[PDB]
Amino acid sequence: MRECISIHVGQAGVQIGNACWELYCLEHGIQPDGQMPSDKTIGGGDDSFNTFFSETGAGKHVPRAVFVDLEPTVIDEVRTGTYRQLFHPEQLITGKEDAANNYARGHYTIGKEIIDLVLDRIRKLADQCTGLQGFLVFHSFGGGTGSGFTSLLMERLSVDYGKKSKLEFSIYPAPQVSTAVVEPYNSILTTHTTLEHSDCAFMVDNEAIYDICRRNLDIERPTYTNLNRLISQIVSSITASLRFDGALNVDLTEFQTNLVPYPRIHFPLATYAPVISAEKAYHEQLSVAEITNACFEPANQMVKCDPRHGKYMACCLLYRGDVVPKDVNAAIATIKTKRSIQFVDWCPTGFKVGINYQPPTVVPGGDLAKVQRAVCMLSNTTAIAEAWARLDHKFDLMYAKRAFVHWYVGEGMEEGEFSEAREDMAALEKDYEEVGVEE
Amino acid sequence: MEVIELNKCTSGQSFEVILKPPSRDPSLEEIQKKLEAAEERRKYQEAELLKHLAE
Amino acid sequence: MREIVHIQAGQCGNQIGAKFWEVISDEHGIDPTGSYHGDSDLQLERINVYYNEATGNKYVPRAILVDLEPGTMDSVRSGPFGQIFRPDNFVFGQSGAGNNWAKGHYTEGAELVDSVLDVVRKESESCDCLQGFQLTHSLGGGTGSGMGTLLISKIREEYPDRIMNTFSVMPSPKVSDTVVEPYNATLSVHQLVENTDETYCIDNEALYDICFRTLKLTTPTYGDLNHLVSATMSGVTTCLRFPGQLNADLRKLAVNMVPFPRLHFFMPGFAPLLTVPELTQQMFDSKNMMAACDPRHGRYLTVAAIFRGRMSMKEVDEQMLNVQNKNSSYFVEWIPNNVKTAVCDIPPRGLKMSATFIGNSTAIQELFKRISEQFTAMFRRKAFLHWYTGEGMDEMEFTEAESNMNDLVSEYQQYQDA
Amino acid sequence: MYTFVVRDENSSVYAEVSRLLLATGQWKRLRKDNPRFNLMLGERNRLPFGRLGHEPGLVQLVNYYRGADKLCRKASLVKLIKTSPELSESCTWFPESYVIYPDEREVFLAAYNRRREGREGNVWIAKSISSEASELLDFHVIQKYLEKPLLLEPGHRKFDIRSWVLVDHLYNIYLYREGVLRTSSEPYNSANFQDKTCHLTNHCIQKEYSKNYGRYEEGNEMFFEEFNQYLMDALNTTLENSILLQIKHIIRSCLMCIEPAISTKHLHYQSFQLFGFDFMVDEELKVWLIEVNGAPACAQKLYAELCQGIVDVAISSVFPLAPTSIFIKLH
Ligand SMILES: Nc1nc2c(ncn2[C@@H]2O[C@H](COP(=O)(O)OP(=O)(O)OP(=O)(O)O)[C@@H](O)[C@H]2O)c(=O)[nH]1
Ligand SMILES: N#CCCNc1nonc1-c1nc2ccccc2n1CC(=O)c1ccc(N)cc1
Ligand SMILES: Nc1nc2c(ncn2[C@@H]2O[C@H](COP(=O)(O)OP(=O)(O)O)[C@@H](O)[C@H]2O)c(=O)[nH]1
Ligand SMILES: Nc1ncnc2c1ncn2[C@@H]1O[C@H](COP(=O)(O)OP(=O)(O)O)[C@@H](O)[C@H]1O
Ligand SMILES: [Ca+2]
Ligand SMILES: [Ca+2]
Ligand SMILES: [Ca+2]
Ligand SMILES: [Cl-]
Ligand SMILES: [Mg+2]
Ligand SMILES: [Mg+2]
Ligand SMILES: [Mg+2]
């Protein structure tokens, strides 16, 4: 058994962390007080759920998690929330003055003041691990803390834990879901500095989640609670193999092995199905073929793009519920004849499949209905570079006039870092192109 | 359409389906340097401000 | 960041300041005695931004009242919510500023400014995490203009890493007290370009026209003018006082609205002076601007629209997209998504629903150009200069201030053609 | 008020379509780099499809199908037909073609000797016209040359047919009822392949090189009414029966083949596109597909009608403004 430590940075990271650990406790049958009746080995054990939860003498299951934000009000909600007993005080770290949507403020100014405290608190969780796998980092691209402090943390983690793997769950900025005007700046800056420190990163575009909540859940104006509960489901699907007994993606290293052939191209596309509103009285359960077919519909992706105009490097199918290998193959065979699935001519055109018989758990009184079978597809496709293209375009527009740059320079940053970050993104876009090549 | 590496347990199973065959991190020192370099630039600009206000 | 320190200076500053506190005290459910009697808990969630809590469930405004003569501040104490203010935070002299910038900035005000900073220091020392400061004043007089900018300068020296915010009243011949107002305003704006992060430009000319050509008031008083400002000040600071979508602070406001440090002068707007399209079209109209400027003569760098009350925000976004397409040529292309739409659940008193406009437009150069012309008209003949030279100033300082604002006009003109 | 942008100044077709939208008064033209548009009349090359459909509350439509280049490029088209099960090698309306990089180098010669030895007419054409395989490879795709084309009288001249096809956002296939014949005014001689004047029907080469240009019909353009009349008088048949059936068949075959690849039925943005199909007819009244044009120009006579049609079925269908059809619905 090898442990996994989760780190949640900024408002987005923390609030998503809340939704995930709420779901984890429901999936593993852990009560808000930390008591887990189904667990019989009191005080320890090396079960699969011990990868995320440590144990105390009182039969209390404590999340191997650390919440960090440069401002107290968000994490203070955790200190008083439903799962307040779940976390030890040292796991929750707060400042007094945030990064004001400024990467420079989060990375340099406020960052250095609290970075050493965070590492020591993380070190304490690490010392309780017999064999640490690595880290799961949750943060936003746009936020000053989620971009600024995260990139600083990723650097120090690579120093103090050079052998361990690091995975990201990153929130891509969407103007419709409460953004700062300088979020394109923060996104490019944090990506450039984190790029060589992340082995695998799952991007989640707020735009995609927002539309899915409107289209499939009939929520006219989705809140963060609506968005996070959906995101937690996708997150849960990805981390299920680490928390439950299985053979596929059993450790953090396997994610890199199965999804990321080239180190820089480590942003797999995630697609989830099905998403059904709980308010829907009469619902007909979708089959294996139907939910598998939906994995190739752009309206179900975590990032809006067209995989038909790219090339696959790897594909992983994560099923939960009433699913058997026979029905999976029959579904794939049908899909390969209807859909446009082109792989790179240096990779095996295939699908690695994982099935967990336990159907998806839903939050009581939530927006999602309980289904009998669901699937999350992880596919490393060059099509996701579209997201980089539009993000870099917004960057270029503002930076041409050097708008808002003074806010960053005023925090000790230099104009050179802006251009330095952009060129790396230019190289990153170019890397995707090399792979997925009147009248 | 081949099915390889089928692993069955009591919580589920996993396998692989082949359809078509193929055809120097920065040190702690250097990070401290960058963080302190930006701090000096902040202190410099603040000093320039206080000098200006002194005038 | 949490606490904000409020400061009001001079007659106009203290009169609009008092009105601002009367309005927001009502919205937060605080009576003139300082006791809370509200029904909702949204009123108390972020009340510590503007209020200190004294023992006995009493909320005392973190406000400091400054003037060089007791006249206006005496009226404030005898006003409606006059007893809610901390008595030790009344700092005043007896001389007055005689509508003279130099008196407030150099002679009379310099003598009093230290005791003001003492009160500022005391309030700041007992803050959990000071955001910064908000100043209310006019630019046409002597105290609020001269001493107000002197105060800002010395506050920045003692707190170089905190945000400075001003609600500044621009003078106008339509509502004028003295002829030296262009001199006082010109000297003050130069201070503002260097020492504030955010300035809400409140033009008395616009306030008069709104009272005249819209509210149909034959003879508008200062009370009528201040009614518009109170409503505006409540609207623009809503995202600071209440839990909402934005949930912002002073620094986050400045970061998103100010693409270039010197260009931080905003055109506020309010509606109504009701249907959502009516509410949306009206807020983007020149007749609702608190700064007498034509937005169609300049370009918007950033825009913030805040809606209050209960309404279909679906219908709002449709109308927001609607007004944007009408005014598509009045926005800049080099700042993506420069228009912010926000909502607050708490409606103002007397209104079922409202909307507040906060625009960073280049069209505001018309305000500074207007002041510059009136300045030069007198200065070319050195008229009324003796009031200032008798206080120690010389002509060179005027020439500098004249140049600096001209430069400011030029800077706005640069980004209007880009 | 709908908003659109113009990013192709060279497009004569969409210059007219742009003019029509403004004349309605309900469409406003923004600057080319303004992203807050309803309709993009995009550029021919490197159209940023990845930036479309990401503006809040904005339904966006573009006048090009991402992936349509597979049909509008010579090498891709040949590759598409030979590899698609829907089209297959059993494609009896597309000339025997081979893709050549300066591949199908061995197969072309393998079939070349199967015609020379059999004494069958072994003349080929290559672009991006000789009877010798050596002269071609020394000189891109190689296509079989119809040595027995349909010749118009009087004049003893060959021609080609242009069909305008519109595919909307719902992937409905509309064939413009008005086509055009581009004719080479010089009489066809089999023997001379050096002089391409009688053998090229293309207007650009025809406009200047044809020593008898504009002799029979103005601008060397014959429209559907006359060509139908000629077919009735000369060959006792109709344009519909002898030719148009095969044309509608070929168009439908090509467009349905790439539908799952380019469709935008569930995409975050929408696409439509005007296509230019070029056909050839042999002496057996059989139709052959020559090429597919991505950005076709219309005939001067037919500009007003088609461009108005484009607005009604492709643009107004998505963005409604405040009756016979000029199109034939093929889908
Ligand atoms: N899905 C989701 N996105 C969020 C959430 N909270 C914030 N975001 C996104 O994160 C971006 C802003 O980053 P934040 O996390 O709010 O800011 P921060 O990381 O705390 O850094 P600061 O600037 O110091 O506040 C915006 O684009 C939001 O859309 C959340 O709870 N769920
Ligand atoms: N959503 C969310 C939170 C982050 N956005 C910001 N936080 O404060 N202001 C923000 C922000 N983002 C923007 C994007 C475009 C234009 C203006 C924008 N603003 C500024 C803004 O919203 C505001 C609101 C009230 C004001 N009195 C002044 C400014
Ligand atoms: N809007 C508004 N403007 C005022 C008010 N009182 C004075 N002013 C303006 O402020 C300028 C005079 O400055 P004032 O504040 O009276 O002098 P001070 O005491 O030295 O600051 C003139 O241009 C007036 O038009 C008021 O109550 N409301
Ligand atoms: N298989 C063929 N047989 C006879 N003529 C042909 C054939 N293919 C093309 N042509 C002639 O070539 C001309 C256009 O050829 P095309 O390949 O479209 O040129 P380009 O590639 O320069 O557009 C037409 O006038 C047509 O008559
Ligand atoms: Ca146990
Ligand atoms: Ca590493
Ligand atoms: Ca004295
Ligand atoms: Cl290690
Ligand atoms: Mg935050
Ligand atoms: Mg006075
Ligand atoms: Mg007076």
Can you compute the charge dipole magnitude of the range A:1-268 about its Cα centre, using +1 on each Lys and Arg Cβ and -1 on each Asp and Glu Cβ, nothing else charged? Give it in debye, rounded to the nearest 20. 140
In debye to the nearest 20, how big a dipole does chain D give about its Cα centre with +1 on each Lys and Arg Cβ and -1 on each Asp and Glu Cβ? 1120
To the nearest 0.05, how large is the calculated FRET efficiency for C:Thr376 and B:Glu30 if R₀ is 51 Å and r is the Cβ-Cβ distance? 0.35
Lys and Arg at +1, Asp and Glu at -1: add these up for the other residues within a Cβ distance under 10 Å of A:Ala240 and post the number. +1
With label points set 7 Å from each Cα along the Cα-to-Cβ direction at D:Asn202 and B:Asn7, the distance between them in nm comes to 6.0
Cβ-defined net charge surrounding D:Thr24, 15 Å radius [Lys, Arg +1; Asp, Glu -1]: +1
Counting only other chains, and only Cβ atoms inside 10 Å, what mean value do you get across the residues of C:154-160? 2
How many nm separate the modelled label positions at D:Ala322 and C:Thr399, each set 7 Å beyond the Cα in the direction of the Cβ? 5.9
Computed FRET value (nearest 0.05) for D:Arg116 with A:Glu438, which takes r as the C-beta separation and R₀ as 35 Å: 0.35
With R₀ set to 56 angstrom, the calculated FRET efficiency between the beta-carbons of D:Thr238 and A:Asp345, to the nearest 0.05, is 0.70
If I take the Cα coordinates of the range A:367-439 and project them onto the principal axes, what are the three extents in Å, biggest first? 54, 50, 27
Just for chain A, what percent of DSSP beta bridges are antiparallel, to the closest 5? 40
How big is the antiparallel share of DSSP beta bridges in the protein assembly as shown, given as a percent to the nearest 5? 55
Helical contribution to [θ] at 222 nm, DSSP H n ≥ 4, -39,500 (n - 2.57), averaged over the protein assembly as shown, rounded to 500: -11500 deg cm²/dmol
Which distance in nm do the two modelled labels at D:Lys329 and C:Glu157 give, with both placed 7 Å along the Cα-to-Cβ direction? 8.1
How big, in percent, is the set of alpha carbon pairs in chain A lying more than 37 Å apart? 21
Kindly flag which residue pairs out of A:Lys280/C:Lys352; A:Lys164/A:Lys394; A:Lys124/A:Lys352; D:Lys74/D:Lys265; A:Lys96/B:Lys33; A:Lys311/D:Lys28 have an alpha-carbon separation exceeding 29 Å in this structure. A:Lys280/C:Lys352; A:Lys164/A:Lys394; A:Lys124/A:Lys352; A:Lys311/D:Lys28
What translational D, rounded to a whole number of µm²/s, comes out for the protein assembly as shown from Stokes-Einstein when the hydrodynamic radius is the Kirkwood one over Cα pairs, at 20 °C and 1.002 mPa s? 62
Pairs on different chains or at least eight residues apart, Cα atoms closer than 19 Å: how many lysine pairs in the range C:1-259 fit? 4
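May I ask what percent, to the nearest 5, of DSSP beta bridges between residues of the range C:1-259 are antiparallel?
20
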Can you give the mean number of other chain Cβ atoms that lie within 10 Å of the Cβ atoms in peptide C:332-343? 6
Note: A:409-419 gets an average of partner chain Cβ contacts (10 Å, Cβ to Cβ) equal to 3
For every other residue with a beta carbon closer than 10 angstrom to the beta carbon of C:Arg370, add +1 if it is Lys or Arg and -1 if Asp or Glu, then tell me the sum. -3
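Neighbour counts run over all protein chains shown; Cβ positions are idealised from the backbone, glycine included. No value in this document is a laboratory result; all are computed from the given coordinates.
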